[PDB]
Amino acid sequence: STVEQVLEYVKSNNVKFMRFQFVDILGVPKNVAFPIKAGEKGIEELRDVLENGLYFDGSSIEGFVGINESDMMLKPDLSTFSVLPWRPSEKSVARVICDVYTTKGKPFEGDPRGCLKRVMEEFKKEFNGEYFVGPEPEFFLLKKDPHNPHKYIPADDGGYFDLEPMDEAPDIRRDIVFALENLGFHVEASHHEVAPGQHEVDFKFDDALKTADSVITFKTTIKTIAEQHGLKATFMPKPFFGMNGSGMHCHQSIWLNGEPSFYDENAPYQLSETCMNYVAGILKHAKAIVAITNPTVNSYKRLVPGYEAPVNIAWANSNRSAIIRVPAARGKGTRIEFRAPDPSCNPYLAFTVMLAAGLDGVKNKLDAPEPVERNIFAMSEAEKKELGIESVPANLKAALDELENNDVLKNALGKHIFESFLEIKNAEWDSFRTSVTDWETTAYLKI
Amino acid sequence: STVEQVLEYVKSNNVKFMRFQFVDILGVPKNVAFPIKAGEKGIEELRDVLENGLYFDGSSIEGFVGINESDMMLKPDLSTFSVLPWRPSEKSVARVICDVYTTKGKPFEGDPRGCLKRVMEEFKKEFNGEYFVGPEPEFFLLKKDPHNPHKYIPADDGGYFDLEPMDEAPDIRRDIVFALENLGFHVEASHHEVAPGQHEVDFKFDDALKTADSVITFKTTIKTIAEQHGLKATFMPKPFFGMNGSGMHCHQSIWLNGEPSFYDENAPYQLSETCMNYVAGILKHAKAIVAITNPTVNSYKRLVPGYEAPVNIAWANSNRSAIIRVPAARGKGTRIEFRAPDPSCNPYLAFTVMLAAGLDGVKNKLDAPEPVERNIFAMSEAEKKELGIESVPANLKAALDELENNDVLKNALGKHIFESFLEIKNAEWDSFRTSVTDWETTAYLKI
Amino acid sequence: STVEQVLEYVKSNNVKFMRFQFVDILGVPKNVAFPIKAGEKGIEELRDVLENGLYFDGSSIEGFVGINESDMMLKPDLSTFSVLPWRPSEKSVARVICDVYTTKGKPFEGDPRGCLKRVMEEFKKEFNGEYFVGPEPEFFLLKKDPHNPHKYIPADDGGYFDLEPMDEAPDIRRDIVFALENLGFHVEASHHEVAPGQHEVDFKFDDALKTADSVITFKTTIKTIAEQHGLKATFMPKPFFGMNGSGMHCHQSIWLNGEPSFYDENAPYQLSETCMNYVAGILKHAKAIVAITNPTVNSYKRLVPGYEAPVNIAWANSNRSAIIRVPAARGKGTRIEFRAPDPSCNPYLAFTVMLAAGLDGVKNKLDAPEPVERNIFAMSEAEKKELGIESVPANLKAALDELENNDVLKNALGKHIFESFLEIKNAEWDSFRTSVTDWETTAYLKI
Ligand SMILES: [Tb+3]
Ligand SMILES: [Tb+3]
Ligand SMILES: [Tb+3]
Ligand SMILES: [Tb+3]
Ligand SMILES: [Tb+3]
Ligand SMILES: [Tb+3]
Ligand SMILES: [Tb+3]
Ligand SMILES: [Tb+3]
Ligand SMILES: [Tb+3]
Ligand SMILES: [Tb+3]
Ligand SMILES: [Tb+3]
Ligand SMILES: [Tb+3]
Ligand SMILES: [Tb+3]
Ligand SMILES: [Tb+3]
Ligand SMILES: [Tb+3]
Ligand SMILES: [Tb+3]
Ligand SMILES: [Tb+3]
Ligand SMILES: [Tb+3]
Ligand SMILES: [Tb+3]
């Protein structure tokens with residue numbers, strides 16, 4: 001959308017209120033709103049903000065600590081302008097996703113959106129490279145427990161691909177897809193997942209920045225649609241013990257000079273050296289990547305040993321027990337699926353680190369290990385050690401320490417985000433590790 | 001419908017969401033849904049999926065364990081395309097029943113729908129044979145027990161063919177019939193059944209595959225209509241002790257070269273040798289057939305001795321105490337009624353095994369025993385032994401063991417479904433056998 | 001008490017029931033009881049059991065797995081014979097603490113009591129050494145929350161050394177002291193502790209085996225006295241966040257050839273080389289010792305940074321921020337206080353490992369570091385590193401891994417207890433680490 005197209009939309013729909021939206025380091029969306037003043041002057045005052053941005057106090061935004069927090073700037077990305085996706089019939093209100101800039105007019109180093117844009121621009125400028133991601137976020141719908149109102153339980157008792165009445169959210173999944181599709185946030189399959197009250201909405205395999213914006217919009221929209229139905233939607237990775245957690249498998253590829261670089265008709269499995277170097281890079285840096293793609297203490301309750309748990313650092317052409325699975329599609333569709341991520345991650349940061357790790361593999365021409373097709377949960381600890389299969393960190397603190405020692409990720413995220421993320425997350429881990437949990441009370445009050 | 005007819009429907013109705021439906025081994029319907037993209041590009045993408053199919057992960061579908069579960073395919077049967085039968089006024093959504101295929105473009109051996117199609121196609125190719133089934137599924141409508149909200153009781157106190165007000169579901173039966181008829185899922189008689197809250201909807205005597213699709217559609221639709229009325233519909237075979245269970249008598253016949261092969265104007269009872277060989281085949285294999293037509297532990301609480309219980313392996317022209325009853329209709333309508341099946345069966349598998357057993361009788365020219373008109377329950381054990389009247393298995397495990405030793409059924413179902421069904425059902429039996437039931441607590445807590 | 005003294009007590013008090021008590025690897029007391037038969041024959045049958053022991057099935061005792069579990073033996077220690085300490089007016093019942101033996105008549109390697117006896121006997125035989133321990137166990141008294149009956153809260157709102165009515169347990173502390181003192185389980189100071197509902201009962205500085213028996217008796221007795229008052233006593237180390245946890249400081253010393261070996265009138269601080277070598281041994285092995293002295297996941301919620309937390313591996317003559325504090329008493333009373341232990345430990349195992357670590361220091365003539373008087377919580381991370389001050393493990397798993405790599409402790413505990421303890425505790429850690437905690441639900445359900 002061009003400035004002129006936005007101004008004409010504003011005039012035709014009599015837009016009276018505009019939201020400027022951005023994201024904090026933890027991936028929480030944020031927005032400040034302003035009235036649209038009447039008259040060509042108001043249209044001129046809006047053009048000025050749309051082209052040059054608006055000032056805001058970022059001192060209370062998580063991860064935005066720095067000099068001049070009280071006069072930071074929001075620079076609108078007009079490609080994202082639209083009616084609110086979660087209130088699409090209220091044409092008098094609109095929003096635009098923005099990048100964060102400093103008072104000086106330069107991208108703010110602590111901006112997660114600007115971070116992904118930076119690494120993608122560098123890849124485009126240096127290698128004429130494009131980066132595509134197709135994520136598969138899962139989530140649970142919850143209702144208040146009838147026996148205890150203070151607690152939430154899964155909204156239904158349905159299962160994988162189930163139909164109503166066991167599946168109690170076919171209209172909700174349909175409605176979120178309509179809300180996103182209607183405004184260009186392209187999505188693919190939707191269905192009830194394995195666990196009671198669990199669901200999935202797949203996203204189009206697309207430009208990583210568009211994908212990240214689609215994911216942040218989807219998270220707000222599904223939560224508002226759930227509330228209209230008296231339910232709560234959660235992206236907590238493992239809300240209930242004894243049932244599946246929620247993951248966000250990320251299909252991804254890189255194209256160099258307009259060609260699907262991962263494809264080589266004549267190579268083993270039809271996977272190019274570039275695809276293998278990229279896979280090698282993801283595997284090499286996997287222990288550090290998960291600090292960002294699985295950034296909660298609860299993320300590690302899903303990343304626990306099991307038949308399909310994506311905790312084993314290996315790749316496969318069919319094995320779901322590996323952290324990377326390569327779909328059978330070839331040609332333009334050749335891509336790799338990172339299965340470790342969960343939907344609690346900040347998509348802008350998760351996509352940045354996967355690209356940086358894969359590109360480090362390409363840059364250093366890293367050799368990939370042999371694929372592992374044998375189910376890895378079922379093999380012994382000795383068989384794993386013999387095959388050199390390492391696991392991802394067992395908890396958030398272990399992942400943070402791996403990230404702290406990873407210079408490739410530090411360069412990708414930049415010092416501000418890397419240090420702010422480590423500081424906030426070490427404090428989060430400290431809060432959890434000093435707490436007295438219900439597990440402990442149940443296990444030890446009798447001693 | 002043809003590919004063009006489906007595309008015209010999508011364009012006219014501006015269909016924005018499409019469900020691809022299939023069935024698992026236990027007969028539970030499954031579906032994944034996708035948005036219909038805008039304009040010509042979207043019509044072309046939809047044409048491709050309609051003609052060539054779409055990939056899905058079958059790893060979480062019961063009975064679908066094979067190489068590359070993550071990339072299996074759904075191939076739409078356009079003869080089944082329509083608005084959702086249970087949401088007929090929402091024209092922006094549609095569904096299509098699909099066959100399950102492998103990544104190689106071949107029917108998946110574990111697909112129950114493809115299974116019935118395979119046996120029917122083989123019969124058509126080798127003998128120019130057609131197979132027709134007219135099932136009579138019964139079901140209960142339930143309401144919460146006002147004394148105990150956690151329990152369900154029959155929805156009314158009405159009886160066989162009763163009128164309102166004792167019959168509290170005349171509008172529900174009328175509405176399910178209209179929902180199915182309106183979309184070509186042909187149905188016939190509907191009425192309140194013998195037990196409180198029990199009902200029946202009879203299906204057109206038709207091509208067995210169309211019949212199975214109609215039954216699978218009816219089960220979802222009646223459950224959604226019941227919920228709209230604050231009730232629950234159940235196909236549990238024997239939900240309440242002391243009252244009738246729910247059966248699914250299956251009328252069936254085979255026609256060879258366009259002729260009603262079961263009819264012979266000059267033979268005894270006007271029943272042809274082909275009819276008698278088919279009847280002999282069903283009777284010979286009955287103990288194994290019930291493992292599929294009666295696949296639940298609870299199915300054997302309906303298959304218990306009684307005046308009208310279809311547990312006696314015999315046939316008759318009027319006796320309701322026999323497992324096979326031959327209706328009086330002759331000519332084109334000549335057919336046999338297998339009375340053992342209950343609505344918990346997977347119709348695709350039940351129809352497959354009845355045809356295979358009957359065709360084994362035709363192939364081997366098996367002699368049928370004499371019909372038994374005398375009430376079998378009323379006669380002594382010695383009279384039954386003298387007449388050679390055996391009984392169907394007494395419980396699910398006994399039926400599974402009979403199926404395991406039946407090569408005719410193994411060939412009909414194919415190794416994948418045969419072994420998967422036996423494994424799943426033996427685990428279901430174990431769960432029941434090791435449980436501590438309410439009956440045991442009531443009988444033994446005092447000892 | 002001699003066999004004859006026990007038999008005469010049995011005859012005079014008409015004892016009709018006798019309990020044989022022992023302890024499992026986790027420090028949980030266990031007992032089997034038998035009737036005393038009438039007549040000299042019954043007195044003779046009792047003499048036989050008192051001298052030669054009785055058989056029992058130890059297959060269901062935690063840490064007793066091995067060959068012939070169903071015919072293990074309990075060998076009574078007549079020095080421990082008495083009326084039940086928690087039912088002292090019921091003279092017709094008595095108990096005796098027993099050591100665990102194998103069917104062959106040799107001490108069972110998995111017995112915690114026999115373990116402490118073994119290390120103490122070896123020390124006596126080789127060096128004419130005696131080992132004394134004076135523990136200070138703290139505990140909380142709990143009442144049901146009025147708002148939520150399913151939860152427990154501190155029994156009162158009193159504080160350190162408080163008097164009634166703020167202190168609501170002066171009669172309970174008095175009554176436990178009377179119960180123990182009356183039967184020779186010597187105790188010293190008793191008082192309300194810092195936290196609401198928290199209390200302390202100090203034990204006489206005595207022979208380590210007598211002390212361990214006194215501690216196990218005290219734990220059962222305070223729990224029964226609490227129940228008589230409608231309360232619950234717990235030794236959980238950190239039952240409530242935001243208030244002090246419960247510790248069990250252990251004063252200890254060794255005497256060689258009847259002399260207080262830790263005392264040297266002419267040495268710095270009047271502490272002998274033997275005392276310094278012992279202190280050096282405790283400090284060297286501290287990371288592994290805490291796996292046994294702090295054997296619960298919750299133990300590490302008390303072992304967290306704080307002004308007085310005993311987490312810093314250092315010793316001091318006055319600093320409470322160090323893991324070892326040396327009381328000012330000299331001469332016969334010269335001793336060292338290990339502050340890390342909590343009352344969840346198995347006293348027999350805790351006393352065994354502290355002695356073995358200290359004796360390893362004496363054996364190798366280990367040099368002790370300089371004492372640290374400066375408050376260690378208040379100093380920087382750099383000041384600590386410069387002074388070489390290490391901390392104890394941050395969680396149970398970290399402590400288990402330290403214990404697994406400690407051969408001194410493995411020799412002290414013996415292979416059976418060392419491996420059984422590691423196995424049980426790694427499974428306990430696994431249960432905690434895969435659980436979904438209330439902390440996680442509170443922190444992430446909103447994401
Ligand atoms: Tb730029
Ligand atoms: Tb359920
Ligand atoms: Tb999924
Ligand atoms: Tb494309
Ligand atoms: Tb490594
Ligand atoms: Tb800071
Ligand atoms: Tb064919
Ligand atoms: Tb009635
Ligand atoms: Tb009927
Ligand atoms: Tb017809
Ligand atoms: Tb004819
Ligand atoms: Tb037989
Ligand atoms: Tb299997
Ligand atoms: Tb000895
Ligand atoms: Tb208070
Ligand atoms: Tb104290
Ligand atoms: Tb003394
Ligand atoms: Tb060290
Ligand atoms: Tb073991």
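In what follows, every chain begins at residue 1, and chains take the letters A, B, ... in the order their sequences are listed.
A donor-acceptor contact under 3.5 angstrom links the side chains of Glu136(A) and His251(A), judged on distance only. Side-chain contact check for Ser79(A) and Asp77(A): at least one donor-acceptor pair (N or O, by modelled atom type) lies under 3.5 Å. Of the N and O atoms on the side chains of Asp206(A) and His186(A), not one donor lies less than 3.5 Å from an acceptor on the other residue. A donor-acceptor contact closer than 3.5 angstrom links the side chains of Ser246(A) and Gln198(A). A donor-acceptor contact under 3.5 angstrom links the side chains of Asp342(A) and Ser299(A), judged on distance only. For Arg95(B) and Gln21(B), the side-chain atoms include at least one donor-acceptor pair closer than 3.5 Å.
Between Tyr101(A) atom OH and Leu74(A) atom CG the span is 11.5 Å, to the nearest 0.5 Å. To the nearest 0.5 Å, atom CD1 of residue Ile176(A) and atom CD of residue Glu181(A) are 11.0 Å apart.
At distances below 3.5 Å, not a single donor-acceptor pair connects side-chain atoms of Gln252(A) with backbone N or O atoms of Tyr131(A). Between the side chain of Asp264(A) and the backbone N or O of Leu271(A) there is no donor-acceptor pair closer than 3.5 Å.
Taking the charged nitrogens against the carboxylate oxygens, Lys117(A) and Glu121(A) have no contact shorter than 4.0 Å, which rules out a salt bridge. Using a cutoff of 4.0 Å between basic side-chain nitrogens and carboxylate oxygens, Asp171(A) and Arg174(A) are scored as salt-bridged. Note on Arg118(A) versus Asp111(A): no salt bridge recorded, every NZ/NE/NH1/NH2 to OD/OE distance being 4.0 Å or above. A salt bridge is absent between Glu44(B) and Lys41(B): the closest approach of a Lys/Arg side-chain nitrogen to an acidic carboxylate oxygen does not fall below 4.0 angstrom. Ion pairing of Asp99(A) with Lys75(A) is absent here, as no side-chain N (NZ or NE/NH1/NH2) approaches a carboxylate O to less than 4.0 Å.
Using the six-membered ring where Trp is involved, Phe205(A) and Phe132(A) have ring planes that are tilted, between 30° and 60° apart. Taking the six-membered ring where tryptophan is involved, the planes of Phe235(A) and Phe218(A) are perpendicular, since the angle between them exceeds 60° and thus also 30°.
With ring centers used as reference points, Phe56(B) lies 6.0 Å or more from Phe20(B).
The side chain to side chain donor-acceptor pair (under 3.5 Å) test with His199(A) is passed by exactly one of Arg173(A), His191(A), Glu193(A): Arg173(A).
Counting non-hydrogen atoms of neighbouring residues, nucleotides and ligands closer than 6.0 angstrom, the NZ atom of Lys219(A) exceeds 12 such neighbours.
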Test log, rule side chain to side chain contact (heavy atoms under 4.5 Å, CB included), inputs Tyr9(A) and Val83(A): CA-CA 10 Å; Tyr9(A) 174 100; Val83(A) 64; 3.7 Å; yes

Criterion side chain to side chain contact (heavy atoms under 4.5 Å, CB included) on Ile292(A) and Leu413(A), from CA distance to verdict: CA-CA 10 Å; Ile292(A) 295 288; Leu413(A) 295 166; 3.9 Å; yes

